[PDB]
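Peer 1: This structure is in C-alpha coordinates; I'll ask about it shortly.
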Amino acid sequence: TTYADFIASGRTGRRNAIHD
Amino acid sequence: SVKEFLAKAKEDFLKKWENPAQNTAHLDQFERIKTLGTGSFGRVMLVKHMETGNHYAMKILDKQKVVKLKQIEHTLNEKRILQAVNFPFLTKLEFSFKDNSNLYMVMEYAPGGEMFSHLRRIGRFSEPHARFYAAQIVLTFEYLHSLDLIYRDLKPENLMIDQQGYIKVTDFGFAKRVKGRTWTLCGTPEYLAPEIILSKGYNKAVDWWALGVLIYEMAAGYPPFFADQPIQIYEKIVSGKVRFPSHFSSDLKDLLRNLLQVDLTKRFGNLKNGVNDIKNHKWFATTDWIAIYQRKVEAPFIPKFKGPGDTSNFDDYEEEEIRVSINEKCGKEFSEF
Ligand SMILES: c1cnc2[nH]ccc2c1
(Lines of atoms letter the chains of each structure in order from A and count residues from 1; the text may use other names and numbers.)
(Lines give C-alpha, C1' and ligand atoms only; values in the text may rest on other atoms or scores of the structure.)
Protein backbone atom coordinates (compact mmCIF):
# COMPACT_ATOMS: atom_id res chain seq x y z
CA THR A 1 0.00 0.00 0.00
CA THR A 2 1.01 3.63 -0.55
CA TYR A 3 0.72 4.25 3.18
CA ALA A 4 3.09 1.32 3.86
CA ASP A 5 5.50 2.57 1.25
CA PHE A 6 5.53 6.02 2.90
CA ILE A 7 6.08 4.68 6.44
CA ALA A 8 8.98 2.53 5.26
CA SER A 9 10.62 5.50 3.45
CA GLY A 10 13.37 7.75 4.74
CA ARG A 11 11.22 10.87 4.67
CA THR A 12 8.58 10.45 7.37
CA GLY A 13 10.49 12.65 9.83
CA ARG A 14 10.87 16.40 9.82
CA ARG A 15 11.98 17.61 6.44
CA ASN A 16 14.78 20.11 5.99
CA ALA A 17 14.63 23.02 3.60
CA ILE A 18 16.91 22.98 0.58
CA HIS A 19 19.07 25.60 -1.16
CA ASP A 20 21.92 26.23 -3.61
CA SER B 1 -15.43 44.15 2.57
CA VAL B 2 -12.34 41.97 2.00
CA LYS B 3 -10.85 44.54 -0.43
CA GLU B 4 -11.21 47.29 2.16
CA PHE B 5 -9.87 45.21 5.05
CA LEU B 6 -6.81 44.43 2.92
CA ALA B 7 -6.32 48.11 1.95
CA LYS B 8 -6.14 49.13 5.60
CA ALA B 9 -3.92 46.10 6.41
CA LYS B 10 -1.47 47.20 3.70
CA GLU B 11 -1.36 50.74 5.02
CA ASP B 12 -0.53 49.31 8.47
CA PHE B 13 2.15 46.98 6.98
CA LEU B 14 3.86 49.56 4.78
CA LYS B 15 4.37 51.94 7.68
CA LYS B 16 6.27 49.29 9.65
CA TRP B 17 8.02 47.93 6.52
CA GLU B 18 9.47 51.36 5.76
CA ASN B 19 10.50 52.03 9.38
CA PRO B 20 11.34 48.69 11.00
CA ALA B 21 11.45 48.15 14.78
CA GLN B 22 14.96 47.38 16.02
CA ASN B 23 16.67 46.51 19.34
CA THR B 24 13.54 46.30 21.43
CA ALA B 25 14.81 43.84 24.05
CA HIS B 26 17.93 42.10 25.41
CA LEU B 27 18.73 38.43 25.95
CA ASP B 28 19.03 38.97 29.73
CA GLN B 29 15.30 39.88 29.88
CA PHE B 30 14.37 36.27 29.08
CA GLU B 31 14.66 32.97 30.93
CA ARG B 32 15.57 30.16 28.53
CA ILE B 33 13.29 27.16 29.07
CA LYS B 34 13.49 24.56 26.26
CA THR B 35 14.42 24.02 22.62
CA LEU B 36 11.25 23.56 20.58
CA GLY B 37 12.97 22.99 17.24
CA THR B 38 16.42 23.04 15.72
CA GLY B 39 18.33 22.69 12.48
CA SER B 40 21.11 24.10 10.32
CA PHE B 41 18.82 27.08 9.62
CA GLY B 42 18.77 28.03 13.37
CA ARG B 43 16.70 27.08 16.42
CA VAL B 44 13.58 28.09 18.32
CA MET B 45 13.33 28.10 22.13
CA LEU B 46 10.57 28.62 24.65
CA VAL B 47 11.58 31.52 26.86
CA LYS B 48 9.88 33.48 29.68
CA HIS B 49 9.83 37.29 29.56
CA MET B 50 10.70 38.20 33.14
CA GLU B 51 9.07 41.67 33.27
CA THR B 52 5.65 40.24 32.30
CA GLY B 53 6.09 36.52 32.93
CA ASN B 54 4.70 35.99 29.38
CA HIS B 55 6.01 33.00 27.43
CA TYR B 56 7.26 33.47 23.90
CA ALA B 57 8.97 31.48 21.16
CA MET B 58 12.44 32.85 20.53
CA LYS B 59 14.21 32.06 17.21
CA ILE B 60 18.00 32.27 17.61
CA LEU B 61 20.27 32.49 14.58
CA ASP B 62 24.07 32.25 14.69
CA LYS B 63 25.29 35.14 12.51
CA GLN B 64 28.42 33.27 11.30
CA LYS B 65 26.31 30.21 10.34
CA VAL B 66 23.78 32.39 8.48
CA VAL B 67 26.72 33.86 6.47
CA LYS B 68 28.20 30.46 5.65
CA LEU B 69 24.79 29.32 4.44
CA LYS B 70 24.30 32.43 2.25
CA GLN B 71 21.16 33.37 4.15
CA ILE B 72 22.03 36.98 5.11
CA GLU B 73 19.46 38.72 2.88
CA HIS B 74 16.85 36.02 3.57
CA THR B 75 17.28 36.60 7.33
CA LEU B 76 16.93 40.34 6.89
CA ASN B 77 13.75 39.54 4.88
CA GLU B 78 12.43 37.38 7.68
CA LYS B 79 12.87 39.95 10.45
CA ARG B 80 11.78 42.93 8.37
CA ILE B 81 8.58 41.14 7.26
CA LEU B 82 7.69 39.57 10.58
CA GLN B 83 8.03 42.87 12.51
CA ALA B 84 5.56 44.44 10.03
CA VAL B 85 2.75 41.92 9.63
CA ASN B 86 -0.28 41.38 11.87
CA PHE B 87 -2.74 38.59 11.27
CA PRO B 88 -4.61 36.06 13.45
CA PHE B 89 -2.65 33.14 11.95
CA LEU B 90 0.80 34.76 11.96
CA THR B 91 3.07 35.40 14.94
CA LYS B 92 4.52 38.87 14.41
CA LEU B 93 7.66 39.83 16.23
CA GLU B 94 6.98 41.05 19.74
CA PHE B 95 10.70 41.88 20.05
CA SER B 96 13.94 41.51 18.09
CA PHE B 97 17.57 42.20 19.01
CA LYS B 98 21.11 40.98 18.35
CA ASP B 99 24.34 40.61 20.31
CA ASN B 100 27.95 39.85 19.37
CA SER B 101 27.09 36.33 18.14
CA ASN B 102 23.39 35.84 17.42
CA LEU B 103 20.12 37.26 16.06
CA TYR B 104 16.98 37.00 18.21
CA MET B 105 13.33 37.09 17.12
CA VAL B 106 10.69 36.80 19.84
CA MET B 107 7.15 35.78 18.89
CA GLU B 108 3.89 34.51 20.36
CA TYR B 109 4.26 30.94 21.70
CA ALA B 110 1.88 28.32 20.27
CA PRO B 111 1.73 25.51 22.88
CA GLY B 112 -0.21 22.92 20.80
CA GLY B 113 2.87 21.71 18.93
CA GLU B 114 3.62 21.32 15.22
CA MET B 115 0.83 20.05 12.97
CA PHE B 116 3.49 17.63 11.71
CA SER B 117 3.57 15.82 15.06
CA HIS B 118 -0.22 15.34 15.30
CA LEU B 119 -0.57 14.51 11.61
CA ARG B 120 2.11 11.78 11.82
CA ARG B 121 0.78 10.35 15.09
CA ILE B 122 -2.89 10.34 14.09
CA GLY B 123 -2.09 9.15 10.52
CA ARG B 124 -4.35 11.42 8.47
CA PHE B 125 -6.96 14.09 9.15
CA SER B 126 -10.62 13.88 8.10
CA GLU B 127 -11.55 16.13 5.18
CA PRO B 128 -13.35 18.56 7.55
CA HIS B 129 -10.36 18.62 9.96
CA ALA B 130 -8.09 19.34 6.96
CA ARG B 131 -10.47 21.94 5.50
CA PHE B 132 -10.47 23.81 8.81
CA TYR B 133 -6.67 24.14 8.69
CA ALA B 134 -6.61 24.78 4.90
CA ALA B 135 -9.07 27.67 5.33
CA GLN B 136 -6.61 29.39 7.67
CA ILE B 137 -3.76 29.00 5.21
CA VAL B 138 -5.92 30.35 2.35
CA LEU B 139 -6.73 33.46 4.34
CA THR B 140 -3.09 33.91 5.43
CA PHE B 141 -1.85 33.64 1.84
CA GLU B 142 -4.51 36.12 0.70
CA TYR B 143 -3.16 38.54 3.32
CA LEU B 144 0.52 37.91 2.61
CA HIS B 145 0.12 37.98 -1.16
CA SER B 146 -1.78 41.27 -1.01
CA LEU B 147 1.25 42.79 0.73
CA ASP B 148 3.42 41.49 -2.14
CA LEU B 149 4.90 38.81 0.13
CA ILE B 150 5.58 35.20 -0.93
CA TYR B 151 5.96 32.64 1.86
CA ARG B 152 7.85 29.79 0.13
CA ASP B 153 7.91 27.21 2.92
CA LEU B 154 4.47 25.77 3.60
CA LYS B 155 4.62 22.40 5.38
CA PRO B 156 3.14 20.88 8.59
CA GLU B 157 6.51 21.29 10.33
CA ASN B 158 6.03 25.09 10.14
CA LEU B 159 2.38 25.11 11.26
CA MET B 160 1.98 25.48 15.04
CA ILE B 161 -1.30 24.74 16.86
CA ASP B 162 -2.38 27.24 19.50
CA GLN B 163 -4.45 26.80 22.71
CA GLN B 164 -7.71 27.13 20.74
CA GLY B 165 -6.69 24.60 18.04
CA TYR B 166 -6.17 27.31 15.39
CA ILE B 167 -2.83 27.55 13.57
CA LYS B 168 0.16 29.83 13.29
CA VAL B 169 2.13 29.90 10.02
CA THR B 170 5.72 30.16 11.30
CA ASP B 171 9.27 30.33 9.95
CA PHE B 172 9.59 33.19 7.45
CA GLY B 173 13.19 32.36 6.52
CA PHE B 174 12.39 32.27 2.78
CA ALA B 175 9.65 34.89 2.77
CA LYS B 176 10.29 37.80 0.38
CA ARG B 177 8.59 41.02 -0.63
CA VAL B 178 8.65 40.91 -4.47
CA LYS B 179 6.63 42.51 -7.23
CA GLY B 180 7.01 40.29 -10.27
CA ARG B 181 9.24 37.31 -10.72
CA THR B 182 11.88 35.76 -8.44
CA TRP B 183 14.36 32.92 -8.92
CA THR B 184 15.79 31.54 -5.71
CA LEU B 185 15.90 27.75 -5.36
CA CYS B 186 14.39 27.41 -1.90
CA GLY B 187 11.75 25.53 0.04
CA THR B 188 11.28 21.87 0.94
CA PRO B 189 11.49 19.14 -1.69
CA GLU B 190 7.99 17.66 -1.26
CA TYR B 191 6.33 21.12 -1.54
CA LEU B 192 8.40 22.62 -4.41
CA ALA B 193 6.35 23.77 -7.43
CA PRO B 194 7.56 22.55 -10.85
CA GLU B 195 8.64 26.13 -11.84
CA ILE B 196 11.07 26.13 -8.98
CA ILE B 197 12.50 22.72 -9.76
CA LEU B 198 12.89 23.66 -13.46
CA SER B 199 14.74 26.92 -12.59
CA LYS B 200 12.16 29.26 -13.97
CA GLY B 201 11.24 32.63 -12.67
CA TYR B 202 8.28 32.14 -10.39
CA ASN B 203 5.74 34.08 -8.40
CA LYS B 204 3.15 33.72 -5.57
CA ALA B 205 1.61 30.74 -7.48
CA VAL B 206 4.24 28.48 -5.90
CA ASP B 207 2.47 29.02 -2.54
CA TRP B 208 -0.84 27.87 -4.05
CA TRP B 209 0.88 24.80 -5.40
CA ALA B 210 2.32 24.17 -1.89
CA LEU B 211 -1.25 24.45 -0.51
CA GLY B 212 -2.29 21.59 -2.80
CA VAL B 213 0.57 19.55 -1.33
CA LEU B 214 -0.42 20.34 2.27
CA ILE B 215 -4.12 19.57 1.75
CA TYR B 216 -3.25 16.29 0.09
CA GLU B 217 -0.83 15.36 2.89
CA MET B 218 -3.27 16.35 5.65
CA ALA B 219 -6.11 14.31 4.05
CA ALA B 220 -4.04 11.33 2.84
CA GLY B 221 -1.45 11.14 5.63
CA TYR B 222 1.43 11.14 3.10
CA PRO B 223 2.48 13.72 0.45
CA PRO B 224 1.42 13.41 -3.22
CA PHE B 225 5.09 13.12 -4.33
CA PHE B 226 7.46 11.16 -2.16
CA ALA B 227 10.51 8.89 -2.52
CA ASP B 228 13.72 8.26 -0.59
CA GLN B 229 15.83 10.96 -2.28
CA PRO B 230 14.96 14.53 -3.33
CA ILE B 231 15.86 13.91 -7.00
CA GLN B 232 13.26 11.11 -7.28
CA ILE B 233 10.67 13.46 -5.76
CA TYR B 234 11.49 16.16 -8.30
CA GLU B 235 10.99 13.67 -11.17
CA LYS B 236 7.49 12.85 -9.80
CA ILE B 237 6.53 16.53 -9.35
CA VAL B 238 7.41 17.58 -12.93
CA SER B 239 5.83 14.37 -14.37
CA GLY B 240 2.34 15.88 -14.45
CA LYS B 241 0.80 12.83 -12.71
CA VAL B 242 -0.76 12.58 -9.24
CA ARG B 243 -2.79 9.71 -7.71
CA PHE B 244 -5.46 10.26 -5.07
CA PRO B 245 -6.51 7.79 -2.34
CA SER B 246 -9.90 6.14 -2.95
CA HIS B 247 -11.26 7.83 0.15
CA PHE B 248 -10.70 11.35 -1.23
CA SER B 249 -14.05 13.06 -1.97
CA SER B 250 -14.86 14.16 -5.56
CA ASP B 251 -14.72 17.80 -4.44
CA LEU B 252 -11.31 17.25 -2.81
CA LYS B 253 -9.79 15.65 -5.88
CA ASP B 254 -11.08 18.49 -8.08
CA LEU B 255 -9.64 21.21 -5.82
CA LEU B 256 -6.26 19.39 -5.77
CA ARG B 257 -6.11 18.83 -9.52
CA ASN B 258 -6.47 22.62 -9.92
CA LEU B 259 -3.92 23.50 -7.17
CA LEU B 260 -1.43 20.84 -8.29
CA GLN B 261 -1.62 22.11 -11.85
CA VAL B 262 1.79 22.17 -13.55
CA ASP B 263 0.28 24.78 -16.00
CA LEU B 264 0.38 28.30 -14.40
CA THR B 265 -2.45 29.41 -16.74
CA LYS B 266 -4.73 26.83 -15.15
CA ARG B 267 -3.48 26.83 -11.50
CA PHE B 268 -6.05 28.02 -8.95
CA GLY B 269 -4.89 31.13 -7.09
CA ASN B 270 -3.17 32.28 -10.32
CA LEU B 271 -6.13 32.76 -12.68
CA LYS B 272 -7.75 36.17 -13.23
CA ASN B 273 -10.13 35.55 -10.34
CA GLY B 274 -7.26 34.92 -7.90
CA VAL B 275 -7.96 33.45 -4.46
CA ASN B 276 -11.74 33.41 -4.99
CA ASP B 277 -11.52 30.39 -7.31
CA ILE B 278 -10.28 28.65 -4.17
CA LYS B 279 -12.65 30.27 -1.66
CA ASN B 280 -15.67 29.56 -3.89
CA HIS B 281 -14.77 25.96 -4.68
CA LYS B 282 -17.31 23.32 -3.62
CA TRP B 283 -14.88 21.73 -1.14
CA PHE B 284 -15.05 24.96 0.90
CA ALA B 285 -18.87 25.34 0.59
CA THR B 286 -19.35 24.82 4.34
CA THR B 287 -16.55 27.26 5.17
CA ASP B 288 -17.60 30.56 6.70
CA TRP B 289 -14.50 32.58 5.88
CA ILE B 290 -15.30 35.43 8.31
CA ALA B 291 -16.05 32.99 11.16
CA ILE B 292 -12.64 31.31 10.46
CA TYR B 293 -10.89 34.70 10.43
CA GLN B 294 -12.77 35.68 13.63
CA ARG B 295 -11.83 32.32 15.14
CA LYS B 296 -15.42 31.51 16.18
CA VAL B 297 -15.52 28.15 14.38
CA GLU B 298 -15.01 25.26 16.85
CA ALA B 299 -11.65 23.54 16.19
CA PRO B 300 -11.88 19.83 15.25
CA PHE B 301 -9.15 19.16 17.81
CA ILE B 302 -7.98 21.23 20.77
CA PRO B 303 -4.58 20.37 22.18
CA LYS B 304 -3.85 18.96 25.62
CA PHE B 305 -2.39 21.49 28.03
CA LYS B 306 -1.33 21.16 31.67
CA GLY B 307 -0.49 24.82 32.25
CA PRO B 308 1.30 27.78 30.71
CA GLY B 309 4.81 27.09 29.40
CA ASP B 310 3.82 23.45 28.87
CA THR B 311 5.99 21.76 26.23
CA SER B 312 4.55 18.25 26.23
CA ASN B 313 3.29 18.75 22.65
CA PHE B 314 6.86 19.26 21.40
CA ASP B 315 9.65 16.71 20.90
CA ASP B 316 12.79 16.85 23.04
CA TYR B 317 15.97 18.24 21.51
CA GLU B 318 19.51 18.34 22.79
CA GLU B 319 19.97 21.60 24.66
CA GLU B 320 22.92 23.68 23.49
CA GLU B 321 24.37 26.79 25.07
CA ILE B 322 23.61 30.24 23.75
CA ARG B 323 27.20 31.43 23.47
CA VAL B 324 27.97 35.14 23.16
CA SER B 325 31.42 36.07 21.89
CA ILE B 326 33.38 38.97 23.38
CA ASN B 327 34.01 40.02 19.79
CA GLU B 328 31.27 41.32 17.50
CA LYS B 329 30.73 39.08 14.49
CA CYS B 330 29.27 40.12 11.15
CA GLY B 331 28.30 43.65 12.25
CA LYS B 332 28.09 45.16 8.76
CA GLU B 333 26.16 42.16 7.34
CA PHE B 334 23.35 42.54 9.88
CA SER B 335 23.56 46.26 10.49
CA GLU B 336 19.84 46.81 9.76
CA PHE B 337 18.56 43.91 11.92
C1 LIG C 1 6.90 26.88 18.29
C2 LIG C 1 5.86 27.44 19.01
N3 LIG C 1 5.42 28.69 18.85
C4 LIG C 1 6.09 29.40 17.93
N5 LIG C 1 5.85 30.69 17.58
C6 LIG C 1 6.74 31.07 16.62
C7 LIG C 1 7.57 29.99 16.34
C8 LIG C 1 7.17 28.94 17.17
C9 LIG C 1 7.58 27.63 17.35
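Going by Swiss-Prot, the residues shown for chain B are 15-351, listed in order.
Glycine is treated like the rest: Cβ placed from N, Cα and C.
I grabbed these lines from Swiss-Prot:
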{"type": "ACT_SITE", "residues": "B:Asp167", "note": "active site, proton acceptor"}
{"type": "DOMAIN", "residues": "B:299-351", "note": "domain 'AGC-kinase C-terminal'"}
{"type": "MOD_RES", "residues": "B:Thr49", "note": "phosphothreonine"}
{"type": "MOD_RES", "residues": "B:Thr196", "note": "phosphothreonine"}
{"type": "MOD_RES", "residues": "B:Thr198", "note": "phosphothreonine"}
{"type": "MOD_RES", "residues": "B:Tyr331", "note": "phosphotyrosine"}
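If you look at the structure here, what lies around each of the features I listed?
Peer 2: Within the same chain, the residues at least 6 positions away from B:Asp167 (active site, proton acceptor) whose Cβ sits under 8 Å from its Cβ are B:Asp185, B:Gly187, B:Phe188, B:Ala189, B:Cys200, B:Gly201, B:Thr202, B:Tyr205, B:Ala224, listed in sequence order.
For B:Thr49 (phosphothreonine), the same-chain residues 6+ apart in sequence whose C-beta sits under 8 angstroms from its C-beta are B:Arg57, B:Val58, B:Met59, B:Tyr331, B:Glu332, B:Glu333, B:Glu334.
DSSP classifies B:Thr196 (phosphothreonine) as strand under the three-state reduction. There are 16 other CB atoms within 10 A of the CB of B:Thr196 (phosphothreonine), with all protein chains counted.
DSSP classifies B:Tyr331 (phosphotyrosine) as coil under the three-state reduction.
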Peer 1: Under 8 Å Cβ-Cβ to anything in chain A: which of these recorded positions pass, B:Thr49, B:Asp167, B:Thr196, B:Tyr331?
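Peer 2: So the ones by chain A are B:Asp167.
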Peer 1: So, by DSSP, how many helix, strand and coil residues make up the domain 'AGC-kinase C-terminal' (B:299-351)?
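Peer 2: Computed counts for the domain 'AGC-kinase C-terminal' (B:299-351) are 6 helix, 0 strand, 47 coil.
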